[PDB]
*Asks:* 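I am attaching a structure below and will ask some questions about it afterwards.
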Amino acid sequence: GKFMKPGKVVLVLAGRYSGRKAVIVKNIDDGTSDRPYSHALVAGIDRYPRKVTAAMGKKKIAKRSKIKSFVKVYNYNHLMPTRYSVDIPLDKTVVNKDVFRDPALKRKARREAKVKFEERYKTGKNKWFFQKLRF
Amino acid sequence: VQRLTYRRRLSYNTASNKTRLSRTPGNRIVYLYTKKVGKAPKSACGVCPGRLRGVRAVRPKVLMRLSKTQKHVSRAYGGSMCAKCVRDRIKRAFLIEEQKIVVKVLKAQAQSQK
Amino acid sequence: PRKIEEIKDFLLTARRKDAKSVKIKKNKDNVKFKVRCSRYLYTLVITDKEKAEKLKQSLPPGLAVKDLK
Amino acid sequence: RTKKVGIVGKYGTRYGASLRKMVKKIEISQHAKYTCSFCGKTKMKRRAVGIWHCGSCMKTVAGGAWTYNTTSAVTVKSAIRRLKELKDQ
RNA sequence: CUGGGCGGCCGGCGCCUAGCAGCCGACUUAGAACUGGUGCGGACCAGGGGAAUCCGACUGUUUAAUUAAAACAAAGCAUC
RNA sequence: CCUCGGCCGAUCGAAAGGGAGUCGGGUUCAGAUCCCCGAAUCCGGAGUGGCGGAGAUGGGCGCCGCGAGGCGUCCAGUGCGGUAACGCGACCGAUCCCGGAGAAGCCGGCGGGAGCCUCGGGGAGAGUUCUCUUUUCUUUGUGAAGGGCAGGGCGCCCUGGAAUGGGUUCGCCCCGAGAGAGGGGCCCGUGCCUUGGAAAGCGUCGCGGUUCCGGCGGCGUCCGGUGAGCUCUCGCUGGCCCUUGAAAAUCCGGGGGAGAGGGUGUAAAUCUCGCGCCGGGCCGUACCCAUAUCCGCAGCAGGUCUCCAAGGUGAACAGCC
Ligand SMILES: [Zn+2]
């Protein structure tokens with residue numbers, strides 16, 4: 001049945017973040033009056049962390065383990081669903097559709113998705129989500 | 001009717017002697033020598049016949065006095081590949097890597113069970 | 001030549017140390033204030049004579065002023 | 001418009017009847033548009049001798065001089081498949 | 001080309017429907033009457049034609065300064 | 001001293017191939033896109049930052065402050081918008097790798113733009129007036145480089161799902177590999193308006209000084225319509241080829257991420273954004289270009305490569321005026 005549920009990892013097919021990996025926060029299979037197509041609010045990685053080896057120092061590893069994030073709404077036709085799924089508890093009250101009318105709130109949603117991703121990255125789980133797709 | 005003369009010593013209708021007609025504030029018609037028509041970049045894919053979008057069609061040596069935003073599109077492979085083939089390589093890269101994991105798991109499971 | 005559409009911008013251009021002269025021209029419909037700089041001649045077109053006389057008084061001191069009469 | 005000359009009416013009387021008849025068959029096949037086996041659209045034209053192009057999927061195929069597929073090519077492809085299958089099984 | 005029940009429009013109240021009204025526009029074609037001392041593609045421009053024979057198939061080329069041809073080349077045919 | 005590193009080899013070869021960047025007005029006895037006036041532009045340099053702007057100035061925990069707004073601590077920050085096509089003034093990054101532009105035949109047919117011709121009026125001057133003709137003739141601008149808007153093109157995107165097939169061209173041609181319909185995006189913009197710009201140029205009517213003052217002044221430089229018209233140019237789309245119609249300098253974009261920067265300052269590395277400062281050396285340049293400046297013994301009916309190209313007749317760059 002349906003598979004565009006929250007938590008799924010998607011590949012962005014078009015735009016600035018073409019080729020970047022994101023996660024579906026909210027899904028709207030029907031058409032909202034604002035946009036009559038099926039769409040989803042996603043949070044993704046703009047700048048992936050750099051690879052870290054045992055030879056690097058702690059300060060270098062910390063500086064290379066930094067993530068830049070993006071929050072967007074996408075047409076389903078511009079997403080490629082992936083079998084992989086990532087369960088990060090993104091705060092729904094900060095990552096919303098309303099985040100786009102206000103620049104200040106957009107910074108809040110970007111910072112929250114940033115902070116959560118860094119925590120998940122350091123723990124070593126979801127290794128695929130934090131690698132950059134080579135295309 | 002006023003007739004025209006070349007303003008330069010090249011008397012031949014070559015590709016670098018092309019001119020157009022301009023009316024001066026002195027109410028005279030003179031020749032103005034025109035630049036060659038530039039072409040926008042062709043996609044690196046090799047299959048798309050059309051030119052790239054969002055890039056100025058200028059002669060190559062003038063390209064170095066433009067800003068970077070006039071020479072690219074904000075996207076991976078921006079001013080060198082089209083959007084359609086960039087989309088296809090994202091999906092082609094992902095789907096082939098998915099098949100490789102499946103093949104490796106299938107051969108590992110088959111080896112373990114045999 | 002550059003066309004400036006704001007009085008505030010014109011005063012900034014006039015007070016540039018690059019600026020050399022201000023040439024005022026009166027036409028049938030407008031008055032044009034032209035400031036000659038190193039690279040561009042900046043022109044300001046004003047269609048109100050009341051604002052035109054104000055601009056003459058507020059022109060920076062020392063800068064050469066020529067009336068094209 | 002014509003009774004029998006067809007496409008070689010452009011040559012008038014300028015060559016033999018038999019030479020015009022032989023080139024009639026070849027000129028029909030060399031200027032025909034075939035159905036592309038890759039996209040299914042009938043746009044497979046000839047660029048040059050042995051070069052055939054599809055104007056929809058932009059695929060270029062090495063083919064015959066005047067026809068898209070030579071009979072020698074079809075026999076060889078079928079024979080190579082038989083020889084490959086005998087090697088495998 | 002425009003239109004269709006001081007300036008608008010909330011409205012049933014209108015129905016453009018054998019395409020009607022107004023405005024605008026250039027280039028031709030065909031037909032007819034009249035008319036000249038039958039003269040009129042009035043100058044200019046501008047293929048004589050038909051019946052056959054010989055050679056070369058055709059287009060092309062050639063002895064600049066006496067030979068433009070039936071000579072040479074040519075596609076096609078064949079041989080090594 | 002390590003690391004990287006193929007010159008797939010010096011060098012010569014085009015005043016018609018490629019090749020950044022200038023155009024109006026005036027001026028000579030003879031120069032001129034070269035001199036003067038004016039308005040621009042390309043390339044190179046700026047180290048010791050030339051000035052701005054960007055990067056880049058947020059959030060959490062508290063305290064004081066009536067509250068605003070400040071004090072301490074902690075954590076960010078190599079920009080941002082659009083579903084997309086892509087957009088915005090910048091928006092770090094080496095070796096290495098990929099790509100683009102330079103860089104492509106001939107013919108045909110359509111369409112856009114300009115110049116020229118044409119038609120109807122309005123000005124200024126002139127010709128004819130024996131009779132007519134409100135007539136006939138001349139003239140009736142806005143360079144480059146910026147900004148905006150038409151206009152042309154698009155195998156660029158989003159919604160959506162078409163047979164009773166539809167869309168559509170002069171011809172074609174197009175569509176479940178996404179038609180028609182609607183809404184967007186991009187490129188070119190030699191056209192129009194605008195800065196340049198009327199101060200200049202031209203026409204006409206007058207007033208000066210003296211051989212020249214770019215003298216001075218008044219008025220004007222207007223409103224429209226047409227077209228398979230001719231030429232140039234920009235596009236789209238076809239035909240032909242056992243013919244497939246250069247190369248290299250040079251410039252750009254992308255992939256990757258070795259590196260660099262600063263700990264919260266009002267800051268750093270960095271910036272293809274705006275303005276400001278300095279320079280561009282050498283050689284050619286007069287004139288004829290041919291029934292008289294060249295070759296043919298000559299001012300020789302010969303020969304010698306190109307560019308622009310009005311009215312009438314008429315198929316015409318024919319012939320005739
Ligand atoms: Zn095909």
Side-chain angles (χ1 to χ4, degrees), chain A residues 14-16 35-37 39 47 50 66 68 72-75 77-78 103-104 107-108 111 114-115, chain B residues 1-30 32 34 37-44 46 48-84, chain C residues 1-4 16-18 23 25 27 32 37-43 45 68-69, chain D residues 13-16 19 39-41 47-49 51 55-58 65:
Chain A
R16 290 232 324 268
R35 50 233 307 161
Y37 42 92
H39 56 282
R47 221 202 325 280
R50 305 204 191 177
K66 316 231 262 203
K68 171 142 163 173
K72 279 218 71 174
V73 181
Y74 281 104
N75 200 344
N77 288 305
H78 303 140
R107 277 200 289 290
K108 254 180 100 83
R111 165 129 200 81
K114 192 210 162 95
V115 161
Chain B
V1 170
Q2 180 201 329
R3 282 169 283 180
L4 307 154
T5 57
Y6 277 141
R7 324 251 307 252
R8 304 172 182 179
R9 284 209 191 290
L10 181 53
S11 59
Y12 304 109
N13 191 38
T14 36
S16 47
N17 216 29
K18 291 327 208 268
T19 48
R20 70 180 178 85
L21 272 36
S22 86
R23 193 201 299 309
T24 57
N27 226 321
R28 288 156 340 113
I29 296 268
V30 305
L32 278 188
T34 63
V37 173
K39 308 217 250 307
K42 162 167 307 323
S43 183
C48 289
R51 298 306 174 136
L52 280 187
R53 322 208 101 64
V55 184
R56 305 216 24 210
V58 299
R59 304 305 285 187
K61 287 174 74 173
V62 354
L63 244 191
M64 58 161 304
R65 68 180 185 258
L66 299 171
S67 69
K68 206 177 175 170
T69 77
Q70 306 191 61
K71 303 184 277 205
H72 73 176
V73 152
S74 266
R75 180 167 68 244
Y77 300 85
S80 63
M81 203 157 273
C82 52
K84 149 173 120 143
Chain C
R2 291 289 181 271
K3 204 245 204 192
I4 68 199
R16 266 158 69 171
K17 68 133 149 173
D18 172 24
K23 292 199 283 195
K25 190 172 196 317
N27 296 327
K32 288 181 179 175
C37 302
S38 159
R39 174 149 164 179
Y40 297 125
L41 175 80
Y42 293 90
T43 286
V45 189
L68 302 172
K69 196 66 64 184
Chain D
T13 87
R14 270 183 289 292
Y15 323 101
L19 293 194
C39 69
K41 267 177 259 192
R47 258 199 200 137
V49 60
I51 304 175
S56 46
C57 62
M58 313 280 317

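Note: hydrogens, waters and symmetry copies are ignored here, and every other heavy atom, side chains too, is used. So you know, we letter chains A, B, ... as the sequences are listed, proteins then strands, and number each from 1.
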*Asks:* Just call it for D:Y15: base, sugar-phosphate, or nothing, with non-hydrogen atoms closer than 4.0 Å on any strand.
*Replies:* base
*Asks:* Take atom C1' in F:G201 and the same atom in F:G184, then report the distance between them in whole Å.
*Replies:* 48 Å
*Asks:* Using a heavy-atom cut-off of under 4.0 Å over every strand shown, decide if C:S38 touches base, sugar-phosphate, or nothing.
*Replies:* sugar-phosphate
*Asks:* Can F:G176 be described as syn, meaning its chi torsion is within 90° of 0, or is it anti?
*Replies:* syn
*Asks:* For F:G215, what is the paired nucleotide under Watson-Crick or G-U wobble rules, both distances under 3.5 Å?
*Replies:* F:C207
*Asks:* Is B:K39 touching bases, backbone alone, or none of the nucleic acid, heavy atoms closer than 4.0 Å?
*Replies:* sugar-phosphate
*Asks:* Looking at every strand, decide which applies to D:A65 at a 4.0 Å heavy-atom threshold: base, sugar-phosphate, or nothing.
*Replies:* nothing
*Asks:* Could you state the atom-to-atom distance from CZ of B:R9 to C1' of F:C34 in whole Å?
*Replies:* 12 Å
*Asks:* State the syn/anti category of F:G165 according to its glycosidic angle, syn meaning within 90° of 0.
*Replies:* anti
*Asks:* To the nearest Å, give me how far apart CD (B:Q2) and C1' (F:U231) are.
*Replies:* 15 Å
*Asks:* With both distances under 3.5 angstrom, what nucleotide forms a Watson-Crick or G-U wobble pair with F:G62?
*Replies:* F:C71
*Asks:* Do we get C:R2 above C:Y42's six-membered ring, with its NZ or CZ under 6.0 Å from the centre and within 45° of the axis?
*Replies:* no
*Asks:* Look at all strands and tell whether A:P36 reaches a base, only sugar-phosphate, or nothing, counting heavy atoms closer than 4.0 Å.
*Replies:* nothing
*Asks:* Just checking B:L32: base, sugar-phosphate only, or nothing, at a heavy-atom cut-off of under 4.0 Å?
*Replies:* sugar-phosphate
*Asks:* For F:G196, measure the glycosidic angle (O4'-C1'-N9-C4 for a purine, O4'-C1'-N1-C2 for a pyrimidine) and name it syn if it falls within 90° of 0, otherwise anti.
*Replies:* anti
*Asks:* Tell me what B:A57 touches on the nucleic acid: a base, only sugar-phosphate, or nothing, going by heavy atoms under 4.0 Å.
*Replies:* sugar-phosphate
*Asks:* Heavy atoms from C-beta onward define the side chain here; which of F:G18, F:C158, F:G19 lies closest to that of B:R59?
*Replies:* F:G19
*Asks:* Would you indicate, yes or no, if F:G155 has its OP1 or OP2 atom less than 4.0 angstrom from a side-chain nitrogen or oxygen of D:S56?
*Replies:* no
*Asks:* Within the 4.0 Å heavy-atom criterion, would you say C:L68 contacts the bases, only the backbone, or no part of the nucleic acid?
*Replies:* base
*Asks:* Counting any heavy atom closer than 4.0 Å, what does A:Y37 reach on the DNA or RNA strands: base, sugar-phosphate only, or nothing?
*Replies:* base
*Asks:* Pick base, sugar-phosphate or nothing for D:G16, based on heavy-atom distances below 4.0 Å to the nucleic acid.
*Replies:* nothing
*Asks:* Would you kindly check whether a donor in the side chain of B:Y12 faces an acceptor in the base of F:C305, or vice versa, at under 3.5 angstrom?
*Replies:* yes
*Asks:* Over all strands shown, is B:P60 touching base, sugar-phosphate only, or nothing at heavy-atom distances under 4.0 angstrom?
*Replies:* base
*Asks:* Mind telling me if F:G235 is syn or anti? Syn here is a glycosidic angle within 90° of 0.
*Replies:* anti
*Asks:* Could you tell me whether the side-chain ring of B:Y77 sits stacked on the base of F:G254, using a centroid cut-off under 5.5 Å and a plane angle under 30°?
*Replies:* no
*Asks:* Ignoring hydrogens and angles, does a donor from either the side chain of B:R20 or the base of F:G115 sit under 3.5 Å from an acceptor on the other?
*Replies:* no
*Asks:* Taking OP1 and OP2 of F:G253, is either one under 4.0 Å from a side-chain nitrogen or oxygen of B:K42?
*Replies:* no
*Asks:* In this structure, how many angstroms lie between the P atom of F:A39 and the NZ atom of C:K23, rounded?
*Replies:* 6 Å
*Asks:* Tell me the partner of F:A309, counting only Watson-Crick (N1-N3 plus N6-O4 or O6-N4) or G-U wobble (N1-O2 and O6-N3) with both under 3.5 Å; none if nothing fits.
*Replies:* none
*Asks:* Which of the following nucleotides, F:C175, F:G21, F:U142, is nearest to the side chain of D:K41?
*Replies:* F:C175
*Asks:* Watson-Crick or G-U wobble partner for F:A15, using a 3.5 Å limit on both distances?
*Replies:* none
*Asks:* Which one, F:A16, F:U195, F:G19, comes nearest to the side chain of B:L10?
*Replies:* F:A16
*Asks:* So what does B:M81 touch, heavy atoms closer than 4.0 Å: a base, only the sugar-phosphate, or nothing?
*Replies:* nothing
*Asks:* So what's F:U27 paired with, Watson-Crick or G-U wobble, going by both distances under 3.5 Å?
*Replies:* none
*Asks:* Is B:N27 near enough to F:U221 that one of its side-chain N or O atoms lies under 4.0 angstrom from OP1 or OP2?
*Replies:* no
*Asks:* Quickly work out the A:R16 CZ to F:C80 P distance and round it to whole Å.
*Replies:* 7 Å
*Asks:* In Watson-Crick or G-U wobble terms, both distances under 3.5 Å, what is the partner of F:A177?
*Replies:* none
*Asks:* Counting any heavy atom closer than 4.0 Å, what does B:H72 reach on the DNA or RNA strands: base, sugar-phosphate only, or nothing?
*Replies:* sugar-phosphate
*Asks:* Test for a donor-acceptor pair under 3.5 Å between the base of F:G24 and the side chain of B:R28, counting only N and O atoms.
*Replies:* no
*Asks:* For B:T69, which groove has at least one base atom closer than 5.0 angstrom to its side chain?
*Replies:* major
*Asks:* Over how many whole Å does the gap from D:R14 atom CZ to E:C58 atom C1' extend?
*Replies:* 9 Å
*Asks:* Rounded to whole Å, how long is the line connecting atom NZ of B:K71 with atom P of F:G89?
*Replies:* 15 Å
*Asks:* Which sits closer to the 5' end of RNA chain F, B:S16 or A:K108, going by the nucleotide each is nearest to?
*Replies:* B:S16
*Asks:* Going by a 90° cut-off around 0, is F:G109 syn or anti?
*Replies:* anti
*Asks:* Choose from F:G155, F:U250, F:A16 the nucleotide whose nearest atom is closest to any side-chain atom of B:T14.
*Replies:* F:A16
*Asks:* Select from A:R50 and B:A15 the residue whose nearest nucleotide in RNA chain F is closer to the 5' end of that strand.
*Replies:* B:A15
*Asks:* Please report the distance separating the P of F:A54 from the corresponding atom of F:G79, rounded so that it comes out in whole Å.
*Replies:* 15 Å
*Asks:* Rounded to the nearest 0.5 Å, what's the gap from OG on B:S22 to CG on B:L32? Could you check?
*Replies:* 3.5 Å
*Asks:* Base of F:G87, side chain of B:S74 - is there a donor-acceptor contact under 3.5 Å?
*Replies:* yes
*Asks:* Write down the partner of F:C232 under the Watson-Crick or G-U wobble criteria, each distance required to be under 3.5 Å.
*Replies:* F:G113
*Asks:* Please state how far atom CG in C:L41 lies from atom P in F:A198, giving the value in whole angstrom units.
*Replies:* 10 Å
*Asks:* Looking at every strand, decide which applies to B:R8 at a 4.0 Å heavy-atom threshold: base, sugar-phosphate, or nothing.
*Replies:* base
*Asks:* Any side-chain N or O of B:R51 below 4.0 angstrom from OP1/OP2 of F:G153?
*Replies:* no
*Asks:* Taking donor-acceptor contacts at under 3.5 Å, does the side chain of D:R47 reach the base of F:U244?
*Replies:* no
*Asks:* Whole-Å distance between F:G197 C1' and C:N27 CG?
*Replies:* 9 Å
